[PDB]
Every structure is written in structure tokens, then in C-alpha cells.
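Visitor: Shown below is the structure under consideration.
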Amino acid sequence: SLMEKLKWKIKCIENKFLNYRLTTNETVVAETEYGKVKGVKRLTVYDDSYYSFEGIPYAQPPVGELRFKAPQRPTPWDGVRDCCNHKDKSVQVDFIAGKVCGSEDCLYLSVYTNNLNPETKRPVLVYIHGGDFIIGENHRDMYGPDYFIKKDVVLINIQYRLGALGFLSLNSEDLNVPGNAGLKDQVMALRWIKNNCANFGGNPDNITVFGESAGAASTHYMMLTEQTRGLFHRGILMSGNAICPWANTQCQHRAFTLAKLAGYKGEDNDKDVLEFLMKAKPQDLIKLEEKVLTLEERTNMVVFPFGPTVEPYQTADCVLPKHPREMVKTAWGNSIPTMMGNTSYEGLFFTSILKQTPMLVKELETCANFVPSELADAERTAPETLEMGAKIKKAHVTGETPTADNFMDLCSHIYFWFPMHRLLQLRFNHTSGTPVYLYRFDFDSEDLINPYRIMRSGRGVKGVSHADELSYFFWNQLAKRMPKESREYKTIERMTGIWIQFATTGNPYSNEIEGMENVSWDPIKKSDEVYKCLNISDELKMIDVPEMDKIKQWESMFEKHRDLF
């Protein structure tokens, strides 16, 4: 809406001046393996303080011949690199302005801590942002460390290449563009963190990686790939994982289509296509991505044209040599403590889409288009496919006529709950007993929000949508100082506290977190038929996952196809 665009611009300006008033005149120098960096001490609105290093390069700028290639190690420097200000985000369409922004020069991470010379080495928490592999950033207007730095941790926020610039993939081995450049960026950042966190007070023997949405899929990929074996010690998957249907795609044939949209006049061979794309303006490629998917791919419900892919040939930096379902079977990360969770109304995220085209509710008449693609016939007309759709329909259509709320409830399961069930069950076959803990974020407030609520046209909407929990982990430009006694402030304390406790010990329970006294938070066992989770609302309560019945109804579609579950 034009009104929300104006209110956003106003908030951008007020936030810029708030950030000036939160900057002190105290700067500090830290060591890295590539040279010295200068950071600055900042305040929060709660009068905590932290040292801030932004714009630390973990790779060469991926420009010129390095476009579409795996990241290369950065060049060291003499002197002191200024890390007192942020760098640009990866080239992307701005989620509110509707225009391309960012730069190819985006391979940076930021480090935050309340004390550069602590008395004891600290848990290191590494956040990988979401945004469907096409948007996102580590700027503090979205991901402020202000809540975590209340406690004695080191927090690190990474960037990685997005869209076609991060995820182009070509079959021809001679061209060295196998795919997943953006995931390889994440690998290089994690290697930097392992080798450098001690210079900021961090414990390289106690690193936790976490992320939400595509950042959860990313964290999971970082737990699956051999490239990162042993680099970190706990993982937290917030509303996503690497076997979600939206988390990967085979995009090798789409480079030609993108080139044609950008003015390419030649034939479909990888060498000529790549040479054209190497000369194209990066803003043009990113703007045209919305047009890349063909009529057939849209019909088949492919979501994004470029993203994580199974790489077509092996390279030294290869991240995904097989489908993630197969990678789970040998994954090093199955042996580290893991926490997984979702919000209590994930699919509310699709509110504005159902407002744009209300006829989507007609998809619930047969639900044939929601049957998992590995179970469905090509036409989605086979009797078995319709009987599977009828099972989906009975799980989510609660009244005589399907409603938008029924549709959004279905979305919660197809995109989040069912893939998490499938992952837990697949993983129980390939782990030596390392614990996995479930949470359910169920705290609803409009007094502390984040920019995702604007994206989903969620003002005035009740329910705990996808990404609503981020307001309780990170300061952002729409946030405000909350009273100590407020339900929102308590939720910040609880969410950061649980994450820090888990990062420290691999067990998310602590009697020092308020309202967690009487909680017995046991991890999921292989023989459990019903998952339990810590439900986070105004109270903290262990419950059987309310979504279980529906999860089991989705699982029942595989009763005659157990090999595919």
C-alpha cells in the first residue's frame, strides 16, 4: 500500500537518527587472520552496550570473472579496516519499494559482543537470514543484536549471495558454475567464524548456527554438507529445513531462459549462455527473475527459479552432491544437539495472497494440487491421487465450504509441519542418539512487530504468522522499548534466554528463565508416536504438538508408498 510505503520511509529516517544517538565515540581494534578491524561501541534503547564490527569480508568480492563462481578467500590488508558501518546487501528486489537494490559486493559478516576481552570464552551464535534465497541482509534495521548482547555471547550475522547471482547452475563441467554459490558463501563464512571468533572473545569449540525460513533451510544444509563437518556444535531450525519442498530446485535449464529475457540472441549451449550472463548488468538479471519460470513450471507449482540445487558434477567446493533427503543419511550434523520449531499459525503469512486472488480457496475442493508430487500422477486425475487429496481435504476443511483460514492452515502443514515430521523420522535412522528438542512459538502481540508484518498486510490480523517470532530475537526499525513488566519484554527475555541456554549446553531448559521452573522439556525419541514441544505463549508449557493429528493425516498418504516417506 502507498500509505505503508510512506510510513516505512518515515521510520527509515527516524531510525537513522536514533542510530546516531546510539553510537558512542569509543572505537576498538580487533585482530583477524586477514588483518586488523576497527569497531565501535553502540548503545541499545535499554541502555545495554556492545561492540559492533560490520563489513568484515569473508571472501573476495564476487565480481568480474568471479561472478557465479564459488567464493574465494579474501585479500589480507595492512593497517586497520574500518568496520564501523554496514556494507551493502546482495542484489535483490526491495520487498517494499518494488525496485532493485544492493550490490554484487556483499560477502560480509558482522560481529557483536558486549565485551571484547571477557573473563571466559563465550558461546558463539551465528544467524543465517531467510528470504527465500532471493531477499535479505544483515543490516541492523532488521537484525539488531540489541537483545542478545544483554548476555555474555558473541553474535554473528552473515550475508550470502541471493537469486541468480547466488544460485545459477550449468551442466557443463568446463564452466565451473555447478550451483549453490550462495551456500558456498555460507560455508566460507562459517570457516571464517571458526578461525576468528576467539579474537572477539568467542569459543571456537562452542558455535551454534540458527536461522529462520530459508535461513533454517540454510542452517540445515550447513549441518548436512561434508564441507562444514565439525565446524559447529548446535543447530536451531526455525520454521524450515532442507527437505521442505520450497528449499531446492533443479534450475540448470533456466540460465538460458534468463539470458533470453535479458536480450540473448544465441542458442541453448551453456558456454554462450554463461558468456552473455557474465556481461549482463546484475540489476537486470535480478529484475528479470520474476519472469524466468515457464508456464509448465508454474503449473507444476515451482516457487522460485533459482535456489539450492543438486549439483550436476563434483567440484572441490561442492555443497549438495545428492538430494538433501539422501544427504541426511550420512550427515555429520545428525550428531549435534538440534532444536526445531514453528509458529502456531505459520500459513497466516499468505493472508495478502488470498486477498489478491480469493479463488485460490477452490483448490480445496479436491486438494489434488496439494498431494506431494512424488505421490501424484502427472495429470493429478488418477483415482489414487484424488483419494489422497480427499485425505488432505478432510484434514483442513472444517466446515461445509472451504475457507481462506482452511487454506492457510493447509499451508502451515505443506510448507512447515509435514517436512519437519518427515525430517525427524528420516533422521531417527541415521543418528547415534544426539537429542532433538521441539518448540512451538505461540505468543501473539501487535505491540512489538517486525517488517514481515507489513509484507503480509498483517496490521490488525490476529494469529502467530511465519516470522512473527523474529521480533523477540532481534531489534528492528519498527521496534520500540517495552516496559520490563510487559508481556513482550518477558517474551524477548525468554526467547533469547532459551536460545542462549541451548547454544551454551545443548539443552534448552534452564531454571533461570522466568516461567520455566516447572518445565520438563524432553527431546523427541525414536519410538514416540506423538511429538511434545515447549509451547511459548504468555506461559511456557510442555504440550503434545496440537498439529499432530493433521501431521498423521498427511503421513497416511504414504501408507502404501512407505519407501517415499
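By order in the C-alpha cells, chains are A, B, ...; within a chain, residues start at 1; ligands start at 1, following the order shown.
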Counting only C-alpha atoms, what is within 7 Å of region 176-181 of chain A, bar same-chain residues fewer than 5 positions away, as a list in words?
Guide: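 Listing them by chain and then by number gives residues 68, 69, 70, 166, 167, 168, 169, 170, 171, 308, 309, 311, 312 and 313 of chain A.
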Visitor: Might you pull out every residue within 6 Å of region 421-436 of chain A, with only C-alpha atoms counted and same-chain residues fewer than 3 positions away left off, and present them as a list in words?
Guide: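 Final neighbour list, sorted by chain and number: residues 329, 334, 335, 337, 338, 339, 418, 523, 524 and 526 of chain A.
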Visitor: Can I get the selected residues back with C-alpha atoms, as an mmCIF file, in the first residue's frame?
Guide:
data_model
loop_
_atom_site.group_PDB
_atom_site.id
_atom_site.type_symbol
_atom_site.label_atom_id
_atom_site.label_comp_id
_atom_site.auth_asym_id
_atom_site.auth_seq_id
_atom_site.Cartn_x
_atom_site.Cartn_y
_atom_site.Cartn_z
ATOM 1 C CA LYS A 329 21.567 -40.457 5.665
ATOM 2 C CA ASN A 334 22.835 -35.529 12.837
ATOM 3 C CA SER A 335 25.315 -35.907 15.722
ATOM 4 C CA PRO A 337 22.243 -31.174 19.561
ATOM 5 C CA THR A 338 19.380 -29.801 17.480
ATOM 6 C CA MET A 339 16.284 -27.718 18.216
ATOM 7 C CA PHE A 418 4.922 -32.036 7.393
ATOM 8 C CA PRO A 523 13.626 -34.371 23.412
ATOM 9 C CA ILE A 524 11.797 -36.480 20.825
ATOM 10 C CA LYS A 526 12.511 -42.613 18.037
#
Visitor: For a test of reading the model, state the distance in Å between CA of residue 302 (chain A) and CA of residue 287 (chain A), rounded to one decimal.
Guide: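 Atom-to-atom, CA of residue 302 (chain A) to CA of residue 287 (chain A), that is 18.3 Å.
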Visitor: Would you kindly return, as a list in words, each protein, DNA or RNA residue with an atom no farther than 10 Å from any atom of residue 552 (chain A), considering only C-alpha atoms and excluding same-chain residues fewer than 3 positions away?
Guide: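 Those residues are residues 395, 418, 421, 529, 530, 547, 548, 549, 555, 556 and 557 of chain A.
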Visitor: Keeping only C-alpha atoms, write the selected residues to a file as a PDB file, in the first residue's frame.
Guide:
ATOM      1  CA  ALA A 395      -7.614 -32.705   7.463  1.00  0.00           C
ATOM      2  CA  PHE A 418       4.922 -32.036   7.393  1.00  0.00           C
ATOM      3  CA  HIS A 421       7.865 -34.632  10.601  1.00  0.00           C
ATOM      4  CA  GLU A 529       4.086 -41.597  18.328  1.00  0.00           C
ATOM      5  CA  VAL A 530       3.151 -38.052  19.418  1.00  0.00           C
ATOM      6  CA  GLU A 547      -0.674 -30.181  14.874  1.00  0.00           C
ATOM      7  CA  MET A 548      -0.023 -33.923  15.412  1.00  0.00           C
ATOM      8  CA  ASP A 549      -3.396 -35.207  14.248  1.00  0.00           C
ATOM      9  CA  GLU A 555       1.624 -39.178   6.752  1.00  0.00           C
ATOM     10  CA  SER A 556      -1.253 -41.568   5.993  1.00  0.00           C
ATOM     11  CA  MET A 557      -0.929 -40.669   2.301  1.00  0.00           C
TER      12      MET A 557
END
Visitor: Show me, as a PDB file with N, CA and C atoms, in the first residue's frame, the residues that have an atom within 9 Å of residue 101 (chain A) when counting only C-alpha atoms, minus same-chain residues fewer than 5 positions from it.
Guide:
ATOM      1  N   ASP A  88      26.792  -3.140   1.668  1.00  0.00           N
ATOM      2  CA  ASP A  88      25.505  -3.300   1.000  1.00  0.00           C
ATOM      3  C   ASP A  88      25.012  -4.733   1.111  1.00  0.00           C
ATOM      4  N   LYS A  89      23.722  -4.884   0.856  1.00  0.00           N
ATOM      5  CA  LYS A  89      23.105  -6.193   0.772  1.00  0.00           C
ATOM      6  C   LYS A  89      23.296  -6.742  -0.648  1.00  0.00           C
ATOM      7  N   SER A  90      23.100  -8.049  -0.791  1.00  0.00           N
ATOM      8  CA  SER A  90      23.145  -8.712  -2.093  1.00  0.00           C
ATOM      9  C   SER A  90      22.049  -8.165  -3.023  1.00  0.00           C
ATOM     10  N   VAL A  91      22.324  -8.145  -4.334  1.00  0.00           N
ATOM     11  CA  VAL A  91      21.364  -7.574  -5.284  1.00  0.00           C
ATOM     12  C   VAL A  91      20.025  -8.292  -5.166  1.00  0.00           C
ATOM     13  N   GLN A  92      18.947  -7.518  -5.056  1.00  0.00           N
ATOM     14  CA  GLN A  92      17.637  -8.088  -4.758  1.00  0.00           C
ATOM     15  C   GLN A  92      16.576  -7.037  -5.036  1.00  0.00           C
ATOM     16  N   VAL A  93      15.328  -7.485  -5.176  1.00  0.00           N
ATOM     17  CA  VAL A  93      14.206  -6.559  -5.292  1.00  0.00           C
ATOM     18  C   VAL A  93      13.768  -6.157  -3.890  1.00  0.00           C
ATOM     19  N   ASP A  94      13.707  -4.852  -3.635  1.00  0.00           N
ATOM     20  CA  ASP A  94      13.299  -4.381  -2.321  1.00  0.00           C
ATOM     21  C   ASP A  94      11.861  -4.777  -2.051  1.00  0.00           C
ATOM     22  N   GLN A 283      21.645  -5.927 -11.914  1.00  0.00           N
ATOM     23  CA  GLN A 283      20.287  -5.475 -11.626  1.00  0.00           C
ATOM     24  C   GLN A 283      19.297  -5.998 -12.657  1.00  0.00           C
TER      25      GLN A 283
END
Visitor: From region 16-68 of chain A, collect each residue whose DSSP state is strand (DSSP E or B) and return the set as a list in words.
Guide: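 Selection result, strand (DSSP E or B) within region 16-68 of chain A: residues 23, 24, 25, 26, 27, 28, 29, 30, 36, 37, 38, 39, 40, 41, 42, 43, 49, 50, 51, 52, 53, 54, 55, 56 and 57 of chain A.
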Visitor: Measuring atom to atom with only C-alpha atoms, identify which of A:281, A:226, A:261, A:210 is nearest to residue 103 (chain A).
Guide: A:281
Visitor: Interatomic distance between CA of residue 59 (chain A) and CA of residue 191 (chain A)?
Guide: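 Those two atoms sit 10.7 Å apart.
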Visitor: What's the separation between CA of residue 18 (chain A) and CA of residue 141 (chain A), in Å to one decimal place?
Guide: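 Value for the CA of residue 18 (chain A)-CA of residue 141 (chain A) distance: 10.9 Å.
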Visitor: Sorted by chain and rising residue number, which residues of region 284-401 of chain A lie within 7 Å of region 245-251 of chain A, and what are their closest atom pairs and distances in Å to one decimal, counting only C-alpha atoms, as CSV?
Guide:
residue,atom,partner,partner_atom,distance
A:303,CA,A:246,CA,6.6
A:305,CA,A:251,CA,6.4
A:306,CA,A:251,CA,6.0
A:307,CA,A:248,CA,5.8
A:308,CA,A:248,CA,4.7
A:309,CA,A:249,CA,5.3
A:310,CA,A:250,CA,6.8
Visitor: Looking at only C-alpha atoms, which of A:477, A:344, A:504, A:403 is the one that sits closest to residue 545 (chain A)?
Guide: A:344
Visitor: If we count only C-alpha atoms and set the cut-off at 12 Å, which residues sit around residue 462 (chain A), ignoring sequence neighbours fewer than 4 positions away in its own chain? Please answer as number ranges by chain.
Guide: A: 344-345, 348-349, 351, 405, 442-446, 453, 457-458, 468
